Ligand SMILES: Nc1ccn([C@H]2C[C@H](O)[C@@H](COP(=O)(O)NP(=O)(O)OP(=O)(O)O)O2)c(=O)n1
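Shown here is one chain on its own, the form deposited without the named molecule, set out as structure tokens.
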């Protein structure tokens, strides 16, 4: 059996800063750089509606008691390379995206539980770097990344054909990875508001609205499919 695991570091920039400044643990921390915007908001800060991308002044308005730290890219680079090297050295095909994400493939004995590979990944990363990460598990990239959302924070989650529709069916199309807000507004205008509805929509409805290939890709995503090749 061929599996795909997606690894995502928890509140990466903030976590790296907390190494350098332990006193701040458990408190609203906001990292800001490049007019300056939020580059990473700690989970505590997010409870106040603060999110990556927003201007710092607007962030201060929402979380007056937060501690603002200057962005330090070179430390984030270093911290990421360490983690990525650690992932690569496990021997599986690996594909790195940005600083905090990676997809890795694992061809496993039909009986082996993939969750064990995920528990070792979490342990290695935590033991060697102090950082927590979450791991999504499936048989393609997109579904694995969606699985990661349910694993947050500091967790592991498995999404396959068995539980896919039960977990996703009633959610809006934008819960799918690869389907954004603009596409889901266009879909709402055509009377399509859940993943289950999109999954059984007639191909022609989608292809005339989004073109021949995009129409079909939306069906594949909604059925839980996606890219299967990781390739290092």
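Positions refer to the first chain, counted from 1.
- In terms of unmodelled positions of the deposited sequence, the stretch from residue 34 to residue 35 in this entry skips 4 to 9 residues.
- Taking the PDB entry as given, 66 to 74 carries the higher mean Cα B factor of the two stretches 66 to 74 and 174 to 182.
- A summary of the deposited B-factors shows that, of 22 to 30 and 50 to 58, the stretch with the larger mean C-alpha value is 22 to 30.
- Highest C-alpha temperature factor among 147, 117, 131, 102, as the PDB entry reports it: 117.
- Taking the deposited Cα B-factors for 83, 137, 127, 162, the highest one is held by 162.
- In the PDB entry, a CA B factor belonging to the lowest third of its chain's modelled residues is recorded for residue 40.
- Ranked by C-alpha B-factor against the other modelled residues of its chain, residue 206 falls in the lowest third.
- Among the modelled residues of the chain, residue 90 sits in the middle third by CA temperature factor in this PDB entry.
- Sorting the modelled residues of the chain by their CA temperature factor places residue 151 in the middle third.
- Residue 158 sits in the middle third of its chain by CA B factor, as recorded in the PDB entry.
One more form of this protein should be noted, the form deposited with the named molecule bound, which is absent from this view; the next part is about it.
- Under a 4.5 angstroms non-hydrogen atom cutoff, the named molecule in the entry with it bound has residue 8 among its neighbouring residues.
- Residue contact check for residue 222: none of its heavy atoms lie within 4.5 Å of the named molecule in the entry with it bound.
- Remark: residue 62 does not count among the residues lining the named molecule in the entry with it bound, judged by a heavy atom distance of 4.5 Å or less.
- Contact between residue 92 and the named molecule in the entry with it bound is not found at the 4.5 Å heavy atom cutoff.
- Contact with the named molecule in the entry with it bound, judged as any non-hydrogen atom within 4.5 angstroms, is confined among 200 to 208, 182 to 190, 165 to 173, 35 to 43 to 35 to 43.
- Annotation: in the entry with it bound, residues 13, 52 and 152 each come within 4.5 Å of the named molecule through at least one heavy atom.
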